[PDB]
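Structure first, then comments.
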2 protein chains.
Amino acid sequence: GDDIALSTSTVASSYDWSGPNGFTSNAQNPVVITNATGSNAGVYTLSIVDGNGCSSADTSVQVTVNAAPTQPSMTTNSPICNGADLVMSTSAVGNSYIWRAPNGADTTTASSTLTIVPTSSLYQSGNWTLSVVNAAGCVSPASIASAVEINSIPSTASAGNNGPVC
Amino acid sequence: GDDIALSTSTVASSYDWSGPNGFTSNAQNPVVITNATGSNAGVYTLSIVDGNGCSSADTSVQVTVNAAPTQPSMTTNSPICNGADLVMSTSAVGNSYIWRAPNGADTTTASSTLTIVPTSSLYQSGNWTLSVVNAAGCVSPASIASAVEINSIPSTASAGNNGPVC
C-alpha cells in the first residue's frame with residue numbers, strides 16, 4: 001500500500017538507474033514508484049558518470065514489498081436494542097484490528113473481538129467496516145460493511161382490566 | 001493541498017532545473033507542480049547558461065510540504081426539537097475547526113465544540129460537515145456528513161372531559 005522512493009546522495013554528470021519491470025531513470029531523484037506491488041520488488045541498480053566523462057562502478061539496493069492480509073469478514077449482533085452491548089467480531093487473523101464507525105470514528109483492538117459500551121462515542125447504528133494489520137504493518141482492504149441497527153425502546157401501553165369482577 | 005511554483009529572477013540563454021520525482025524543466029518559469037505531496041518535497045536545483053555559452057554555478061532551494069490532519073469525525077445531538085440548542089462536536093485535535101452548514105454557510109471555532117442558537121443563520125437541518133485546521137494552516141479532508149433533523153412542534157389536541165361527573 002506504500003510507494004518506493006529511490007534516490008542517491010551523490011553528484012554526477014549523469015545518472016543511470018535500472019530495475020524491476022524495466023524501471024528506468026536518469027536523475028539523482030527518480031520519479032517515485034507508486035502503489036508498489038510484488039513486481040516492483042527486486043534490485044535497483046545505479047551507475048554514474050563523472051564531471052570528466054568517466055564512468056563509475058555500479059552499486060545496488062534490494063527493495064522488497066510486503067503484503068497485506070486479504071479482505072477480512074465481519075459479523076455483529078446487529079438486531080440490537082438500545083442499552084444492550086454491541087458486539088463485533090472477525091475470524092481474520094492479524095496483529096491488530098482496525099474498526100471503523102459509520103461516522104468515521106476510528107478505533108483499534110489487540111484481538112478479533114470488540115465491544116461497545118452504550119455510553120461511548122462508538123454506539124452508532126449504520127454500516128461498520130474492518131481492516132486487518134499484520135506484523136509488517138501492512139493493512140488489508142476494508143471488509144464489506146455490516147449494518148447495525150440500534151432500536152429504540154417502546155412505551156408501556158399501560159393496560160387496564162374490566163373493573164371490579166364479581 | 002497547495003501547489004509549488006518554482007521560478008527564477010534571472011536571464012539566461014537556457015535554464016536547467018532538476019528535483020524530486022525527476023522534476024525537470026527548461027524555463028525561467030517551470031510548469032507549476034500541482035497538488036504537491038510529500039514526494040515533491042526536497043531540494044530543487046537550478047543552473048543556467050549565459051549569452052555567450054558559459055555555464056553557471058548551480059544554486060538551490062529547499063521546499064517542504066506540510067501535512068493536514070486526517071479526516072475528522074463529527075457527532076451531533078441530531079434528534080432535535082425546534083427551539084432547542086443545536087450542539088456539535090468532534091474528537092479531532094487542531095488549532096481551529098471549520099464547520100459547514102447544509103446551505104454552504106461557513107463558520108469557525110477555536111475549539112472542538114460548536115453550538116447553534118435557534119435564531120441564527122446556522123440553525124439548519126440536513127447534512128453537516130467538518131474539517132480541521134492544524135498549526136501549519138493545512139486543512140483535513142471533510143468529515144462524513146452527520147445529518148441533523150430539526151422537528152416542528154405539534155399542536156395541543158385540546159382535551160375534553162365527560163361533562164359534569166356525579
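Residues are referred to by chain and number: the chain letter is A, B, ... according to the order shown in the C-alpha cells, the number counts from 1 in that chain, and ligands are numbered separately from 1 in the order shown.
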Chain B onto chain A, all Cα, least squares, as a PDB file with C-alpha atoms, in the first residue's frame:
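This is the output file superposed39.pdb:
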```pdb
ATOM      1  CA  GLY B   1       0.000   0.000   0.000  1.00  0.00           C
ATOM      2  CA  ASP B   2       3.100   2.227   0.038  1.00  0.00           C
ATOM      3  CA  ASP B   3       5.317   3.810  -2.578  1.00  0.00           C
ATOM      4  CA  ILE B   4       9.038   3.296  -3.357  1.00  0.00           C
ATOM      5  CA  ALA B   5      11.291   6.297  -3.492  1.00  0.00           C
ATOM      6  CA  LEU B   6      14.724   5.844  -4.918  1.00  0.00           C
ATOM      7  CA  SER B   7      17.441   8.420  -4.565  1.00  0.00           C
ATOM      8  CA  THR B   8      21.126   8.973  -4.417  1.00  0.00           C
ATOM      9  CA  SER B   9      23.218  11.308  -2.368  1.00  0.00           C
ATOM     10  CA  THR B  10      25.948  11.850  -4.918  1.00  0.00           C
ATOM     11  CA  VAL B  11      26.710  14.289  -7.678  1.00  0.00           C
ATOM     12  CA  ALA B  12      27.142  13.278 -11.265  1.00  0.00           C
ATOM     13  CA  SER B  13      27.057  14.485 -14.841  1.00  0.00           C
ATOM     14  CA  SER B  14      24.546  11.782 -15.443  1.00  0.00           C
ATOM     15  CA  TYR B  15      22.786   9.079 -13.545  1.00  0.00           C
ATOM     16  CA  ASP B  16      21.607   5.754 -14.955  1.00  0.00           C
ATOM     17  CA  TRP B  17      19.165   3.663 -12.910  1.00  0.00           C
ATOM     18  CA  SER B  18      17.654   0.322 -13.803  1.00  0.00           C
ATOM     19  CA  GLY B  19      15.408  -2.254 -12.174  1.00  0.00           C
ATOM     20  CA  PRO B  20      12.323  -4.486 -11.952  1.00  0.00           C
ATOM     21  CA  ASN B  21       9.612  -4.094 -14.572  1.00  0.00           C
ATOM     22  CA  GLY B  22      12.007  -2.168 -16.746  1.00  0.00           C
ATOM     23  CA  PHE B  23      12.365   0.603 -14.266  1.00  0.00           C
ATOM     24  CA  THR B  24      14.489   3.215 -15.943  1.00  0.00           C
ATOM     25  CA  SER B  25      15.628   6.612 -14.751  1.00  0.00           C
ATOM     26  CA  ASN B  26      18.148   9.380 -15.350  1.00  0.00           C
ATOM     27  CA  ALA B  27      18.128  11.560 -12.247  1.00  0.00           C
ATOM     28  CA  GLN B  28      19.536  11.829  -8.766  1.00  0.00           C
ATOM     29  CA  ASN B  29      15.847  11.790  -7.846  1.00  0.00           C
ATOM     30  CA  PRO B  30      13.931   9.278  -9.992  1.00  0.00           C
ATOM     31  CA  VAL B  31      10.198   9.515 -10.227  1.00  0.00           C
ATOM     32  CA  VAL B  32       8.707   7.770  -7.243  1.00  0.00           C
ATOM     33  CA  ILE B  33       7.167   4.394  -7.934  1.00  0.00           C
ATOM     34  CA  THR B  34       3.692   4.463  -6.531  1.00  0.00           C
ATOM     35  CA  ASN B  35       1.341   1.734  -5.373  1.00  0.00           C
ATOM     36  CA  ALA B  36       4.257  -0.613  -5.277  1.00  0.00           C
ATOM     37  CA  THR B  37       3.408  -4.230  -5.783  1.00  0.00           C
ATOM     38  CA  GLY B  38       5.204  -7.553  -5.736  1.00  0.00           C
ATOM     39  CA  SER B  39       6.581  -6.963  -9.214  1.00  0.00           C
ATOM     40  CA  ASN B  40       8.334  -3.823  -8.012  1.00  0.00           C
ATOM     41  CA  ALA B  41      10.419  -5.822  -5.606  1.00  0.00           C
ATOM     42  CA  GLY B  42      13.920  -6.643  -6.601  1.00  0.00           C
ATOM     43  CA  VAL B  43      17.255  -4.993  -7.020  1.00  0.00           C
ATOM     44  CA  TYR B  44      17.612  -1.459  -8.213  1.00  0.00           C
ATOM     45  CA  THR B  45      20.983  -0.651  -9.729  1.00  0.00           C
ATOM     46  CA  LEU B  46      22.696   2.724 -10.151  1.00  0.00           C
ATOM     47  CA  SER B  47      25.769   3.813 -12.043  1.00  0.00           C
ATOM     48  CA  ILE B  48      27.038   7.335 -12.676  1.00  0.00           C
ATOM     49  CA  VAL B  49      29.213   9.403 -14.967  1.00  0.00           C
ATOM     50  CA  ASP B  50      31.665  11.930 -13.504  1.00  0.00           C
ATOM     51  CA  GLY B  51      32.383  15.551 -14.462  1.00  0.00           C
ATOM     52  CA  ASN B  52      35.119  14.433 -16.787  1.00  0.00           C
ATOM     53  CA  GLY B  53      33.136  11.748 -18.591  1.00  0.00           C
ATOM     54  CA  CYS B  54      34.491   8.683 -16.686  1.00  0.00           C
ATOM     55  CA  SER B  55      32.002   6.064 -15.563  1.00  0.00           C
ATOM     56  CA  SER B  56      31.666   4.519 -12.121  1.00  0.00           C
ATOM     57  CA  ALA B  57      31.296   1.059 -10.835  1.00  0.00           C
ATOM     58  CA  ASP B  58      27.667   0.259 -10.239  1.00  0.00           C
ATOM     59  CA  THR B  59      26.077  -0.219  -6.837  1.00  0.00           C
ATOM     60  CA  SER B  60      22.675  -1.537  -5.906  1.00  0.00           C
ATOM     61  CA  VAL B  61      19.901  -1.758  -3.320  1.00  0.00           C
ATOM     62  CA  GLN B  62      17.464  -4.556  -2.540  1.00  0.00           C
ATOM     63  CA  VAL B  63      13.898  -3.400  -2.095  1.00  0.00           C
ATOM     64  CA  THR B  64      11.164  -5.738  -1.014  1.00  0.00           C
ATOM     65  CA  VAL B  65       7.417  -5.335  -0.891  1.00  0.00           C
ATOM     66  CA  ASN B  66       5.360  -6.803   1.915  1.00  0.00           C
ATOM     67  CA  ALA B  67       1.794  -7.952   1.533  1.00  0.00           C
ATOM     68  CA  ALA B  68      -1.336  -7.133   3.488  1.00  0.00           C
ATOM     69  CA  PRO B  69      -3.873  -9.697   4.690  1.00  0.00           C
ATOM     70  CA  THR B  70      -6.786 -10.391   2.411  1.00  0.00           C
ATOM     71  CA  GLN B  71     -10.117  -8.700   2.861  1.00  0.00           C
ATOM     72  CA  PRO B  72     -11.455  -9.791   6.294  1.00  0.00           C
ATOM     73  CA  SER B  73     -15.059 -10.612   7.143  1.00  0.00           C
ATOM     74  CA  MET B  74     -17.225  -9.044   9.869  1.00  0.00           C
ATOM     75  CA  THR B  75     -20.120 -10.359  11.957  1.00  0.00           C
ATOM     76  CA  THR B  76     -22.062  -8.396  14.558  1.00  0.00           C
ATOM     77  CA  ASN B  77     -25.074  -8.761  16.820  1.00  0.00           C
ATOM     78  CA  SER B  78     -26.893  -6.297  14.565  1.00  0.00           C
ATOM     79  CA  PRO B  79     -30.579  -6.605  15.726  1.00  0.00           C
ATOM     80  CA  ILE B  80     -29.751  -4.746  18.912  1.00  0.00           C
ATOM     81  CA  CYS B  81     -31.955  -2.901  21.453  1.00  0.00           C
ATOM     82  CA  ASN B  82     -30.657   0.408  22.752  1.00  0.00           C
ATOM     83  CA  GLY B  83     -28.831  -0.126  26.006  1.00  0.00           C
ATOM     84  CA  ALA B  84     -27.565  -3.563  25.121  1.00  0.00           C
ATOM     85  CA  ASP B  85     -23.875  -4.082  24.479  1.00  0.00           C
ATOM     86  CA  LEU B  86     -22.877  -4.032  20.838  1.00  0.00           C
ATOM     87  CA  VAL B  87     -20.513  -6.828  19.922  1.00  0.00           C
ATOM     88  CA  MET B  88     -18.441  -7.195  16.799  1.00  0.00           C
ATOM     89  CA  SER B  89     -16.020  -9.853  15.710  1.00  0.00           C
ATOM     90  CA  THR B  90     -13.951 -11.177  12.840  1.00  0.00           C
ATOM     91  CA  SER B  91     -12.421 -14.528  12.009  1.00  0.00           C
ATOM     92  CA  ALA B  92      -9.481 -12.751  10.452  1.00  0.00           C
ATOM     93  CA  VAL B  93      -6.023 -13.207  11.881  1.00  0.00           C
ATOM     94  CA  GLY B  94      -3.595 -10.367  12.418  1.00  0.00           C
ATOM     95  CA  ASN B  95      -1.541  -8.393  14.854  1.00  0.00           C
ATOM     96  CA  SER B  96      -4.113  -5.688  15.366  1.00  0.00           C
ATOM     97  CA  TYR B  97      -7.553  -4.845  14.096  1.00  0.00           C
ATOM     98  CA  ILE B  98      -8.957  -1.544  12.893  1.00  0.00           C
ATOM     99  CA  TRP B  99     -12.632  -0.899  13.401  1.00  0.00           C
ATOM    100  CA  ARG B 100     -14.374   1.941  11.622  1.00  0.00           C
ATOM    101  CA  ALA B 101     -17.599   3.531  12.742  1.00  0.00           C
ATOM    102  CA  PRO B 102     -20.240   4.880  10.367  1.00  0.00           C
ATOM    103  CA  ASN B 103     -19.321   8.445  11.233  1.00  0.00           C
ATOM    104  CA  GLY B 104     -15.606   7.964  10.771  1.00  0.00           C
ATOM    105  CA  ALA B 105     -14.669   7.275  14.356  1.00  0.00           C
ATOM    106  CA  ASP B 106     -11.641   5.006  14.223  1.00  0.00           C
ATOM    107  CA  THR B 107     -10.526   2.643  16.973  1.00  0.00           C
ATOM    108  CA  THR B 108      -8.323  -0.412  17.309  1.00  0.00           C
ATOM    109  CA  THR B 109      -8.134  -3.658  19.220  1.00  0.00           C
ATOM    110  CA  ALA B 110      -5.468  -6.208  20.001  1.00  0.00           C
ATOM    111  CA  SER B 111      -7.834  -9.047  19.263  1.00  0.00           C
ATOM    112  CA  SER B 112     -10.553 -10.130  16.921  1.00  0.00           C
ATOM    113  CA  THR B 113     -13.399  -9.146  19.277  1.00  0.00           C
ATOM    114  CA  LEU B 114     -14.598  -5.619  20.003  1.00  0.00           C
ATOM    115  CA  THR B 115     -17.362  -4.482  22.288  1.00  0.00           C
ATOM    116  CA  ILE B 116     -19.097  -1.144  22.515  1.00  0.00           C
ATOM    117  CA  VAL B 117     -20.490   0.305  25.689  1.00  0.00           C
ATOM    118  CA  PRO B 118     -23.855   2.113  25.157  1.00  0.00           C
ATOM    119  CA  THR B 119     -22.425   5.296  26.610  1.00  0.00           C
ATOM    120  CA  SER B 120     -19.392   5.578  24.350  1.00  0.00           C
ATOM    121  CA  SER B 121     -18.964   7.554  21.157  1.00  0.00           C
ATOM    122  CA  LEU B 122     -18.988   4.357  19.121  1.00  0.00           C
ATOM    123  CA  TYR B 123     -22.533   3.240  19.884  1.00  0.00           C
ATOM    124  CA  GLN B 124     -23.593   4.052  16.352  1.00  0.00           C
ATOM    125  CA  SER B 125     -26.071   2.448  14.016  1.00  0.00           C
ATOM    126  CA  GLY B 126     -25.264   2.068  10.328  1.00  0.00           C
ATOM    127  CA  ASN B 127     -22.500   0.480   8.271  1.00  0.00           C
ATOM    128  CA  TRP B 128     -19.391  -0.733  10.109  1.00  0.00           C
ATOM    129  CA  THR B 129     -16.165  -1.881   8.462  1.00  0.00           C
ATOM    130  CA  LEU B 130     -12.922  -3.586   9.459  1.00  0.00           C
ATOM    131  CA  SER B 131      -9.369  -3.836   8.205  1.00  0.00           C
ATOM    132  CA  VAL B 132      -6.545  -6.025   9.488  1.00  0.00           C
ATOM    133  CA  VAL B 133      -2.990  -5.082  10.291  1.00  0.00           C
ATOM    134  CA  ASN B 134      -0.281  -7.710  10.002  1.00  0.00           C
ATOM    135  CA  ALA B 135       3.199  -7.897  11.509  1.00  0.00           C
ATOM    136  CA  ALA B 136       4.738  -5.914   8.676  1.00  0.00           C
ATOM    137  CA  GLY B 137       2.373  -3.040   9.313  1.00  0.00           C
ATOM    138  CA  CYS B 138       0.518  -3.779   6.045  1.00  0.00           C
ATOM    139  CA  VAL B 139      -3.233  -3.222   6.148  1.00  0.00           C
ATOM    140  CA  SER B 140      -5.848  -5.269   4.343  1.00  0.00           C
ATOM    141  CA  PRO B 141      -8.636  -3.830   2.197  1.00  0.00           C
ATOM    142  CA  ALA B 142     -11.650  -2.971   4.256  1.00  0.00           C
ATOM    143  CA  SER B 143     -14.370  -5.545   4.708  1.00  0.00           C
ATOM    144  CA  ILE B 144     -17.839  -5.391   3.321  1.00  0.00           C
ATOM    145  CA  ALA B 145     -19.811  -3.276   5.680  1.00  0.00           C
ATOM    146  CA  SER B 146     -22.057  -4.910   8.189  1.00  0.00           C
ATOM    147  CA  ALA B 147     -25.102  -2.894   9.050  1.00  0.00           C
ATOM    148  CA  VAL B 148     -26.004  -2.424  12.686  1.00  0.00           C
ATOM    149  CA  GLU B 149     -29.473  -1.395  13.744  1.00  0.00           C
ATOM    150  CA  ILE B 150     -29.951   0.049  17.185  1.00  0.00           C
ATOM    151  CA  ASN B 151     -33.600   0.111  18.098  1.00  0.00           C
ATOM    152  CA  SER B 152     -35.458   2.393  20.425  1.00  0.00           C
ATOM    153  CA  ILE B 153     -37.396   1.157  23.422  1.00  0.00           C
ATOM    154  CA  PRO B 154     -41.210   1.491  23.210  1.00  0.00           C
ATOM    155  CA  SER B 155     -43.667   2.726  25.826  1.00  0.00           C
ATOM    156  CA  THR B 156     -45.710   0.503  28.098  1.00  0.00           C
ATOM    157  CA  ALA B 157     -49.239   0.964  26.659  1.00  0.00           C
ATOM    158  CA  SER B 158     -50.472   0.677  30.198  1.00  0.00           C
ATOM    159  CA  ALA B 159     -53.093  -1.973  30.434  1.00  0.00           C
ATOM    160  CA  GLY B 160     -56.331  -1.903  32.283  1.00  0.00           C
ATOM    161  CA  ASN B 161     -58.803  -4.502  33.451  1.00  0.00           C
ATOM    162  CA  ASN B 162     -62.565  -4.826  33.309  1.00  0.00           C
ATOM    163  CA  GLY B 163     -63.261  -3.098  36.589  1.00  0.00           C
ATOM    164  CA  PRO B 164     -64.166  -4.986  39.735  1.00  0.00           C
ATOM    165  CA  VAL B 165     -65.033  -8.546  38.903  1.00  0.00           C
ATOM    166  CA  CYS B 166     -67.770 -10.411  40.799  1.00  0.00           C
TER     167      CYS B 166
END
```
Practice task
Could you give me, as number ranges by chain, each residue of range 25-127 of chain A that DSSP assigns to strand (DSSP E or B) when run on this structure's backbone?
Solution key: A: 25, 33, 42-49, 55, 59-63, 75-76, 79-82, 84, 86-89, 96-100, 106-109, 113-116, 126-127
Write down as a CSV table (one decimal) with N, CA, C and O atoms, in the first residue's frame the residues of range 15-125 of chain B whose backbone DSSP state falls under helix (DSSP H, G or I).
```
chain,number,residue,atom,x,y,z
B,20,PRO,N,13.1,16.6,-7.1
B,20,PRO,CA,12.4,15.4,-6.6
B,20,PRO,C,11.4,14.8,-7.6
B,20,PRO,O,10.9,15.6,-8.4
B,21,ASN,N,11.3,13.5,-7.6
B,21,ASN,CA,10.5,12.8,-8.6
B,21,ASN,C,10.9,12.9,-10.0
B,21,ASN,O,10.2,12.6,-10.9
B,22,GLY,N,12.1,13.4,-10.2
B,22,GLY,CA,12.6,13.6,-11.6
B,22,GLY,C,12.1,14.9,-12.2
B,22,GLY,O,12.2,15.1,-13.4
B,38,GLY,N,4.1,14.7,-0.3
B,38,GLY,CA,5.4,14.6,0.4
B,38,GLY,C,6.5,14.3,-0.5
B,38,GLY,O,7.6,14.7,-0.3
B,39,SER,N,6.3,13.6,-1.6
B,39,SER,CA,7.3,13.2,-2.6
B,39,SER,C,7.8,14.4,-3.4
B,39,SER,O,8.8,14.3,-4.1
B,40,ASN,N,7.1,15.5,-3.3
B,40,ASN,CA,7.5,16.7,-4.0
B,40,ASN,C,8.4,17.6,-3.1
B,40,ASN,O,8.9,18.6,-3.6
```
